[PDB]
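Just model-v3.tsv here, TSV, C-alpha atoms:
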chain	number	residue	atom	x	y	z
D	1	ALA	CA	86.96	89.44	106.50
D	2	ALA	CA	89.19	88.11	109.30
D	3	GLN	CA	92.96	87.57	109.14
D	4	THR	CA	94.04	85.41	112.05
D	5	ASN	CA	97.47	85.76	113.67
D	6	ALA	CA	97.87	89.19	112.13
D	7	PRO	CA	100.63	91.64	113.08
D	8	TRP	CA	99.57	93.47	116.23
D	9	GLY	CA	99.22	96.80	114.42
D	10	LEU	CA	96.67	95.46	111.95
D	11	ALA	CA	94.68	93.89	114.77
D	12	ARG	CA	94.91	97.19	116.66
D	13	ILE	CA	93.46	99.30	113.86
D	14	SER	CA	90.30	97.16	113.75
D	15	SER	CA	89.86	96.88	117.52
D	16	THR	CA	88.39	98.88	120.38
D	17	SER	CA	91.00	97.22	122.67
D	18	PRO	CA	94.71	96.37	122.62
D	19	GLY	CA	95.86	92.81	123.05
D	20	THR	CA	94.12	90.99	120.20
D	21	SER	CA	95.63	89.35	117.13
D	22	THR	CA	92.95	89.14	114.41
D	23	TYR	CA	92.54	91.89	111.80
D	24	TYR	CA	88.95	92.51	110.66
D	25	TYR	CA	88.22	94.51	107.53
D	26	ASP	CA	85.76	94.90	104.67
D	27	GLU	CA	86.75	92.61	101.79
D	28	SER	CA	86.79	95.54	99.34
D	29	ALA	CA	90.27	95.99	100.85
D	30	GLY	CA	91.17	99.22	99.04
D	31	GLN	CA	90.44	97.82	95.58
D	32	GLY	CA	90.38	100.66	93.05
D	33	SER	CA	92.55	102.97	95.18
D	34	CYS	CA	96.24	103.77	94.76
D	35	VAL	CA	98.95	104.51	97.33
D	36	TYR	CA	102.24	106.15	96.42
D	37	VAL	CA	105.09	105.19	98.73
D	38	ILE	CA	107.67	107.98	98.50
D	39	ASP	CA	110.76	106.42	100.00
D	40	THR	CA	113.78	104.19	99.17
D	41	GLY	CA	111.80	102.19	96.59
D	42	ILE	CA	109.75	99.00	96.72
D	43	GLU	CA	110.84	95.43	95.99
D	44	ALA	CA	107.85	94.88	93.73
D	45	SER	CA	108.83	91.25	93.05
D	46	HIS	CA	108.15	90.31	96.68
D	47	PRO	CA	105.43	87.60	96.67
D	48	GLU	CA	103.62	89.57	99.37
D	49	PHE	CA	102.72	92.29	96.82
D	50	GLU	CA	101.02	89.85	94.39
D	51	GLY	CA	101.83	91.95	91.33
D	52	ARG	CA	100.07	95.02	92.79
D	53	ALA	CA	103.30	96.99	93.36
D	54	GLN	CA	105.41	98.79	90.78
D	55	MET	CA	108.15	101.40	90.70
D	56	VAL	CA	107.09	104.50	88.77
D	57	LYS	CA	109.98	106.92	89.39
D	58	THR	CA	113.53	107.08	90.69
D	59	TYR	CA	116.06	109.91	90.97
D	60	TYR	CA	119.02	107.48	91.30
D	61	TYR	CA	120.82	104.86	89.21
D	62	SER	CA	118.21	102.23	90.08
D	63	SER	CA	114.58	102.09	91.10
D	64	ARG	CA	115.32	99.04	93.25
D	65	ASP	CA	115.05	99.32	97.02
D	66	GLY	CA	118.60	98.62	98.16
D	67	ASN	CA	117.70	99.58	101.74
D	68	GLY	CA	114.48	97.85	102.84
D	69	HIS	CA	112.75	100.82	104.46
D	70	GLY	CA	110.48	101.60	101.50
D	71	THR	CA	109.60	97.93	101.03
D	72	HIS	CA	108.66	97.67	104.71
D	73	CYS	CA	106.43	100.75	104.55
D	74	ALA	CA	104.80	99.55	101.33
D	75	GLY	CA	104.13	96.20	102.98
D	76	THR	CA	102.26	97.90	105.81
D	77	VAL	CA	100.15	99.83	103.29
D	78	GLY	CA	99.19	96.94	101.07
D	79	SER	CA	100.90	93.56	101.32
D	80	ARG	CA	98.71	90.46	101.53
D	81	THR	CA	99.84	89.51	105.06
D	82	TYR	CA	101.27	92.72	106.53
D	83	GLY	CA	99.07	95.34	104.87
D	84	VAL	CA	96.05	97.40	105.87
D	85	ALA	CA	94.61	97.76	102.32
D	86	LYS	CA	95.30	94.35	100.83
D	87	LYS	CA	93.95	95.09	97.31
D	88	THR	CA	95.30	98.62	96.74
D	89	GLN	CA	97.73	99.42	93.93
D	90	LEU	CA	101.16	100.49	95.19
D	91	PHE	CA	103.38	102.95	93.30
D	92	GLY	CA	106.98	103.46	94.38
D	93	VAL	CA	108.77	106.80	94.04
D	94	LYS	CA	112.45	106.51	95.01
D	95	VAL	CA	113.45	109.87	96.51
D	96	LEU	CA	115.81	108.30	99.08
D	97	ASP	CA	119.08	106.58	98.26
D	98	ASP	CA	119.98	103.10	99.46
D	99	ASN	CA	121.38	104.56	102.67
D	100	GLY	CA	117.95	106.08	103.37
D	101	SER	CA	119.06	109.68	102.71
D	102	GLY	CA	117.75	112.22	100.24
D	103	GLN	CA	118.07	115.90	99.41
D	104	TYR	CA	115.04	118.07	100.07
D	105	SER	CA	115.13	119.20	96.43
D	106	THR	CA	114.71	115.59	95.32
D	107	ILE	CA	111.93	114.96	97.84
D	108	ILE	CA	110.09	118.07	96.63
D	109	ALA	CA	110.44	116.92	93.02
D	110	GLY	CA	109.01	113.55	94.02
D	111	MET	CA	105.95	115.11	95.65
D	112	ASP	CA	105.26	117.26	92.60
D	113	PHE	CA	105.78	114.13	90.48
D	114	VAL	CA	103.00	112.31	92.35
D	115	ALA	CA	100.61	115.26	92.02
D	116	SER	CA	100.94	114.98	88.23
D	117	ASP	CA	101.56	111.24	87.86
D	118	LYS	CA	98.21	110.32	89.42
D	119	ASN	CA	96.66	111.59	86.17
D	120	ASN	CA	98.51	108.72	84.42
D	121	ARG	CA	97.09	106.03	86.73
D	122	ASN	CA	93.72	104.37	87.24
D	123	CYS	CA	92.59	105.11	90.79
D	124	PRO	CA	88.79	105.48	90.64
D	125	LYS	CA	88.45	105.24	94.44
D	126	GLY	CA	91.16	107.82	95.15
D	127	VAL	CA	94.85	108.44	95.68
D	128	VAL	CA	97.01	108.43	98.83
D	129	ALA	CA	100.67	109.27	99.37
D	130	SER	CA	102.71	107.89	102.28
D	131	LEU	CA	105.80	109.88	103.32
D	132	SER	CA	107.86	108.04	105.96
D	133	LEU	CA	110.62	110.64	105.85
D	134	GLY	CA	111.55	114.06	107.12
D	135	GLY	CA	114.18	116.45	108.38
D	136	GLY	CA	114.39	119.91	109.89
D	137	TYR	CA	111.81	122.61	109.24
D	138	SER	CA	111.61	123.77	105.62
D	139	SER	CA	108.85	125.98	104.27
D	140	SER	CA	109.58	124.67	100.76
D	141	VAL	CA	109.16	121.04	101.84
D	142	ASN	CA	105.94	121.90	103.69
D	143	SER	CA	104.64	123.76	100.64
D	144	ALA	CA	105.34	120.76	98.40
D	145	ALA	CA	103.34	118.52	100.74
D	146	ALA	CA	100.55	121.10	100.80
D	147	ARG	CA	100.46	121.18	96.99
D	148	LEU	CA	100.28	117.39	96.80
D	149	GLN	CA	97.36	117.39	99.23
D	150	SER	CA	95.65	120.27	97.39
D	151	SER	CA	95.94	118.33	94.12
D	152	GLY	CA	93.59	115.66	95.47
D	153	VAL	CA	95.95	113.20	97.20
D	154	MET	CA	95.53	112.12	100.82
D	155	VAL	CA	99.00	112.89	102.20
D	156	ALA	CA	100.14	111.04	105.33
D	157	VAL	CA	103.53	112.00	106.79
D	158	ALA	CA	105.65	110.72	109.67
D	159	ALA	CA	105.80	112.92	112.76
D	160	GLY	CA	109.47	112.05	113.31
D	161	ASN	CA	111.48	110.04	115.83
D	162	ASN	CA	113.03	112.76	118.00
D	163	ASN	CA	110.74	112.55	121.08
D	164	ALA	CA	110.22	116.26	120.42
D	165	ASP	CA	107.62	118.70	119.14
D	166	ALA	CA	107.01	117.99	115.45
D	167	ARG	CA	106.61	121.74	114.78
D	168	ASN	CA	110.38	121.84	114.04
D	169	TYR	CA	110.33	119.10	111.38
D	170	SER	CA	109.17	118.87	107.76
D	171	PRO	CA	106.91	117.77	106.22
D	172	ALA	CA	105.55	116.82	109.68
D	173	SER	CA	104.82	120.47	110.53
D	174	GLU	CA	102.69	121.19	107.44
D	175	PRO	CA	99.16	121.82	108.78
D	176	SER	CA	97.21	120.63	105.74
D	177	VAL	CA	98.59	117.04	105.59
D	178	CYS	CA	98.01	114.16	108.01
D	179	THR	CA	100.86	114.01	110.54
D	180	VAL	CA	101.18	110.58	112.17
D	181	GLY	CA	102.68	109.72	115.56
D	182	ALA	CA	103.57	106.22	116.75
D	183	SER	CA	102.17	103.97	119.50
D	184	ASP	CA	103.08	100.54	120.87
D	185	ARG	CA	101.16	97.32	121.47
D	186	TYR	CA	100.23	98.40	125.02
D	187	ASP	CA	98.71	101.69	123.80
D	188	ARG	CA	101.67	103.77	125.00
D	189	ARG	CA	103.16	106.58	122.96
D	190	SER	CA	106.23	105.09	121.31
D	191	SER	CA	109.36	106.17	123.17
D	192	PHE	CA	110.77	107.97	120.11
D	193	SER	CA	107.54	109.45	118.73
D	194	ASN	CA	107.37	113.16	118.16
D	195	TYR	CA	104.32	114.96	119.55
D	196	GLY	CA	102.72	118.40	119.51
D	197	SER	CA	99.71	120.28	118.21
D	198	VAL	CA	100.58	119.48	114.57
D	199	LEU	CA	99.95	115.74	115.00
D	200	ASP	CA	96.60	114.57	113.66
D	201	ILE	CA	96.58	110.89	114.63
D	202	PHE	CA	98.61	108.02	116.06
D	203	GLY	CA	99.15	104.64	114.48
D	204	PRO	CA	101.04	101.45	115.40
D	205	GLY	CA	104.76	102.15	115.21
D	206	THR	CA	106.72	99.97	117.67
D	207	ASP	CA	107.78	96.45	116.61
D	208	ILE	CA	105.93	96.37	113.27
D	209	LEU	CA	106.37	93.23	111.15
D	210	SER	CA	106.34	93.79	107.39
D	211	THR	CA	108.08	92.94	104.13
D	212	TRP	CA	111.80	93.43	103.58
D	213	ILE	CA	114.16	93.17	100.64
D	214	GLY	CA	115.43	89.81	99.46
D	215	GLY	CA	111.89	88.44	99.69
D	216	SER	CA	112.11	88.54	103.49
D	217	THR	CA	110.30	90.05	106.50
D	218	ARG	CA	111.36	91.83	109.66
D	219	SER	CA	110.04	93.89	112.54
D	220	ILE	CA	111.23	97.49	112.94
D	221	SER	CA	110.01	100.60	114.76
D	222	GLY	CA	109.39	104.23	113.90
D	223	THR	CA	106.88	106.86	112.97
D	224	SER	CA	107.83	105.60	109.49
D	225	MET	CA	105.88	102.43	110.39
D	226	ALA	CA	102.85	104.25	111.81
D	227	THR	CA	102.43	106.45	108.70
D	228	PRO	CA	101.66	103.59	106.24
D	229	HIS	CA	99.03	102.22	108.64
D	230	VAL	CA	97.21	105.54	108.26
D	231	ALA	CA	97.86	105.74	104.50
D	232	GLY	CA	96.48	102.24	104.01
D	233	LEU	CA	93.53	103.04	106.26
D	234	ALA	CA	92.74	106.12	104.15
D	235	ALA	CA	92.84	104.07	100.95
D	236	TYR	CA	90.57	101.46	102.54
D	237	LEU	CA	88.05	104.07	103.72
D	238	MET	CA	88.09	105.87	100.36
D	239	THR	CA	87.33	102.59	98.56
D	240	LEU	CA	84.39	102.15	100.94
D	241	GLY	CA	83.12	105.60	99.94
D	242	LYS	CA	83.19	106.82	103.54
D	243	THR	CA	85.55	109.75	102.90
D	244	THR	CA	87.61	111.54	100.25
D	245	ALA	CA	91.27	112.50	99.86
D	246	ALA	CA	90.53	116.03	101.08
D	247	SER	CA	88.61	114.88	104.16
D	248	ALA	CA	90.18	111.53	105.09
D	249	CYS	CA	92.57	112.81	107.77
D	250	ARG	CA	89.70	114.58	109.53
D	251	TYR	CA	87.46	111.52	109.12
D	252	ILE	CA	90.14	109.25	110.60
D	253	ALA	CA	90.45	111.64	113.55
D	254	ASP	CA	86.64	111.79	113.89
D	255	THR	CA	86.36	108.00	114.02
D	256	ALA	CA	89.54	107.24	115.97
D	257	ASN	CA	89.77	105.47	119.29
D	258	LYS	CA	89.88	108.43	121.69
D	259	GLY	CA	91.72	108.84	124.97
D	260	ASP	CA	93.22	105.34	125.03
D	261	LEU	CA	96.94	106.14	124.69
D	262	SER	CA	99.27	106.77	127.61
D	263	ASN	CA	102.12	109.29	127.85
D	264	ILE	CA	100.47	111.71	125.40
D	265	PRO	CA	101.72	115.22	126.32
D	266	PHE	CA	99.14	117.84	127.21
D	267	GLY	CA	98.13	119.54	123.96
D	268	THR	CA	98.74	116.54	121.66
D	269	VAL	CA	95.74	114.62	120.32
D	270	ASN	CA	94.96	111.31	122.02
D	271	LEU	CA	93.60	109.59	118.91
D	272	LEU	CA	94.46	106.13	117.57
D	273	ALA	CA	93.60	105.15	114.00
D	274	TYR	CA	90.62	102.80	113.84
D	275	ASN	CA	88.70	101.37	110.88
D	276	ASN	CA	85.35	101.05	112.76
D	277	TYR	CA	84.69	97.84	110.85
D	278	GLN	CA	81.79	95.83	112.22
D	279	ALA	CA	82.10	92.21	111.05
Would you kindly transcribe this structure into C-alpha cells?
Amino acid sequence: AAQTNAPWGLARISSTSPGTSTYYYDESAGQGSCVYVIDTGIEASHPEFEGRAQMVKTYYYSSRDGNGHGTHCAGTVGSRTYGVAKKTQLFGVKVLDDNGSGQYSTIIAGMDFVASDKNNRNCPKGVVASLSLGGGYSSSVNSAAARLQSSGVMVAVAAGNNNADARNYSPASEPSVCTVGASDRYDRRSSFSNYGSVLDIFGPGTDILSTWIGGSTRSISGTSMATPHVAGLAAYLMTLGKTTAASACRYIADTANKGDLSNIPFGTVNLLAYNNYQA
C-alpha cells in the first residue's frame, strides 16, 4: 500500500533515503495487534482513530486527554493518516495528568496494569506498549518496564530530550526495553535527543505531524514522537509474523538503516527504524 503526501516520518520509515513523501507498507497494517499508549490519555473520538482507540485506565478524575501529548503519540502509532500501524487497536492508560506530569508510583502502577490487562484484550498478533515519558534514574521504574517486557509486551520508551547520556534517565536506561532516540528529516540526530550505549534505535522525532485534542492536528518534536514510530513499527512487524514481542527490538535493530544518521556520538548506535517493505 502507498500513502501519498504522508508525514515525513512515515515516509522515512519505509525508505532507504531521506527526502521522500510517500509511505509504503503491507496492507495488513498491524491488524490483530494492540498498542498501549501510556501517557496523558487519548482522544478516542478523533475521526483519525476510526473507532480503534479506547481508554482503558486512568489514575485521575478523567480518562480524557486534556493535554494533547498522548493523543499525538497515539496518532503516530495508529491513526489513519498519521500512523505507522493503521489497523492496530489502541489502548490508552492515563498515568500523566493534563499538565503532562505524573508520579513514578503512578507510572509503575500503569506498567503493571498493562502487563495484566493484556489478558483482558484480544491481540492475537501481539502486544506493544509505548512510553513517551521519563525522568531521572530510578531502579524501581526500570524494573517495572523490565517486568512489562518480560510479561510478553514489546516495550518502547523515549530516550529523553536532554541532549545527554540516557543512562541517567528512566525508563530509558532499562537494558531490556527498546530505548528510542530521535532524528530529523535530514537524517541528523535531533538537537535535543539523548544518546548513549543504552539506545537501541532512532526514529523520526523532529517536526512530527499527528493528531491533537479537539479533533485537530499539529506538528511537535521530541523523543516522545520517535517512540511511537517504533512502537507502531513493532506492531506492524508482529502482525506480519516477522518477529515477536520478545525479539522485536533486536529485529528492528537488525533490519534498520545503518550508518545514515549524522551527529551520532561515538558509542551510540547509528540505526534508523525501517520497515523493509518491498512494494
Inset, instruction - Identify which of the residues D:275, D:151, D:268, D:239 lies closest to residue 255 of chain D, counting only C-alpha atoms when measuring atom-to-atom distances. - result: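 Comparing D:275, D:151, D:268, D:239 against residue 255 of chain D, the winner is D:275.
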Inset, instruction - Place a sphere of radius 12 Å on (108.1, 93.2, 95.2) in the file coordinates and name every protein, DNA or RNA residue with an atom inside or on its surface, counting all atoms listed in the file; give the answer as a VMD selection string. - result: chain D and resid 41 to 55 63 to 65 68 70 to 72 74 to 75 78 to 80 90 to 92 211 to 217
Legend entry - Among listed residues D:276, D:243, D:4, D:257, nearest residue 81 of chain D (using all atoms listed in the file):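 Among the listed residues, the smallest separation from residue 81 of chain D belongs to D:4.
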Output as lines of an AutoDock Vina configuration file the centre and edge lengths (Å, one decimal) of the box along x, y and z of the file that holds every listed atom of segment 221-230 of chain D after adding 5 Å on each side.
center_x = 103.6
center_y = 103.7
center_z = 110.5
size_x = 22.8
size_y = 16.3
size_z = 18.5
Legend entry - Nearest-residue call for residue 131 of chain D, choices D:226, D:220, D:164, D:199, using all atoms listed in the file: D:226
Inset, instruction - Go through D:169, D:61, D:236, D:36 one by one, measure the shortest atom-to-atom distance of each to residue 121 of chain D using only C-alpha atoms, and give the residue with the smallest value. - result: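 Closest candidate: D:36.
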